[PDB]
Amino acid sequence: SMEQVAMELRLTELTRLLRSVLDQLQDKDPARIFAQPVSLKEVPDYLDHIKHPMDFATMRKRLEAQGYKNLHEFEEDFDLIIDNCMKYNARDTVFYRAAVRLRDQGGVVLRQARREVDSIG
Ligand code: NA
């Protein structure tokens, strides 16, 4: 049907906006601390601590599979990256600190993306 295509055209444009959002968020992690999943070979106990791991490459594969229905789902994944890090790592570490900064710097970008999504559809 013609409805399904118009929907697919919107999902596609939502994917195009979320791609740009993802690039802007990832630019706020120049150290690439959140680039890739936490290594289970290197932190073998990680899953005893963190039940839902997340990272920017894993978000990217979901993004390109058009697996984000809306901005809320996308934000959930971003928040996981931050919240996981802040639990596993103590306050006085470079990792915890990198998350706090990513959160603060990401808020501006997510603020405007919420307006652009409401505004465009
Ligand atoms: Na902790």
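Counting starts at 1 for both ligands and their atoms, in listed order. In what follows, residues are counted from 1 in the order of the sequence shown. Below, each value reflects all heavy atoms present in this structure, side chains not excepted, and no hydrogens, waters or symmetry copies.
Below the 3.0 Å limit, the Na ion (ligand 1) has as protein N, O or S neighbours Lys87 O.
Side-chain N/O atoms of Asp23 and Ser20 include no donor and acceptor closer than 3.5 Å.
Partners of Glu76 by side chain to side chain donor-acceptor pair (under 3.5 Å), not counting sequence neighbours, listed by chain and number: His72. Among residues two or more places apart in sequence or in another chain, the ring-ring contact (aromatic ring centres under 6.0 Å, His included) test is passed with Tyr88 by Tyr46, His49.
The pair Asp118-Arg114 counts as a salt bridge, with a side-chain nitrogen and a carboxylate oxygen less than 4.0 angstrom apart.
Using a 4.5 Å cut-off on side-chain heavy atoms (C-beta onward), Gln105 and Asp27 make no contact.
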Anything under 3.5 Å between a donor and an acceptor, one on a side chain of residues 93-104, the other on a protein residue two or more places apart or in another chain? List them.
from: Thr93; atom 1: OG1; to: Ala90; atom 2: O; distance (Å): 2.7
from: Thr93; atom 1: OG1; to: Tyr96; atom 2: N; distance (Å): 3.3

